[PDB]
């Protein structure tokens, strides 16, 4: 009985995941999430804020204690490329190494994509030529592969927060805004088109869609992981949300968190346009992604 852990340092939250390797199988035994907003003012000041840094470090010390407590044999900590936008990123990483004892790697979208594909290969085993569509954190990675072998990763920086602020100046958006919205996705997605047999979608938007479609509430990974969503099902939710204000979306559908109520429409559009462009009628939904993939990679180095 061995254990592995991963720590994901994002612009919004710091997340810990510990899994156990029992009977030659990976299972999550502990999780923790903490909002520290490390990306605050990085845009206007170009620097990580001292208060955000201090809190993040304190949460990391906490997670390290949990990791040592559970006596984890292998651990890996990663941070989003976004931190690269701060001139004091390296000082922050260095502080984390000395004070917490964690060597954080700022991974590229390509690395992120690989870890996410890894989690899918292990937890779903998609058939034939696979394409993983991971939306979240300000971008959407399109990863191609066969079995555990990743072929290529193509990352597009089309964050839903960015797209919503860019195209939907109104709440809900006007038909023209929506129209301009899709025109952009078509232009960008058409350039990534390739032949694939199985599409797997990852991220908050897609797991929320599955929860909506299959009436899952509260959220339960077991009832969402592996669920199938057709273009029609996804289109139905897109049409339901585009007709009402974000506030109503979260009020009428408990699966939609208020914080996501507004930007989710843009997220749904990404998957919609993706299926259309790649000429596929459906996709499989995965609850596992980056954070779990790091676990799979660490587990593979262990056996």
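Positions refer to the first chain, counted from 1.
Undergrad: Using only C-alpha atoms and the B-factors in the entry, which stretch averages higher, 94 to 102 or 185 to 193?
TA: For C-alpha atoms only, the mean B-factor is higher in 185 to 193.
Undergrad: Tell me which stretch, 69 to 77 or 214 to 222, has the higher mean Cα B-factor listed in the entry.
TA: Mean C-alpha B-factor is greater for 69 to 77.
Undergrad: Take the CA temperature factors straight from the PDB entry and tell me which of 36, 49, 58, 240 peaks.
TA: 49 has the highest C-alpha B-factor of those listed.
Undergrad: Please work out which residue in 236, 254, 273, 41 has the highest C-alpha B-factor recorded for this crystal structure.
TA: Of the candidates given, the C-alpha B-factor peaks at 41.
Undergrad: If you rank the chain by CA B-factor, which third does residue 19 end up in: lowest, middle or highest?
TA: It belongs to the middle third of the chain when residues are ordered by C-alpha B-factor.
Undergrad: Quick check on the deposited entry: does the C-alpha B-factor of residue 1 sit in the lowest, middle or highest third of its chain?
TA: Top third by C-alpha B-factor.
Undergrad: Quick check on the deposited entry: does the C-alpha B-factor of residue 244 sit in the lowest, middle or highest third of its chain?
TA: Highest third.
Undergrad: Give the position of residue 198 by CA B-factor within its chain, expressed as the lowest, middle or highest third.
TA: Highest third, going by the recorded CA B-factors of the chain.
Undergrad: When the deposited Cα B-factors of this chain's modelled residues are ordered and cut into thirds, is residue 259 in the lowest, the middle or the highest one?
TA: For residue 259, the deposited C-alpha B-factor lands in the highest third.
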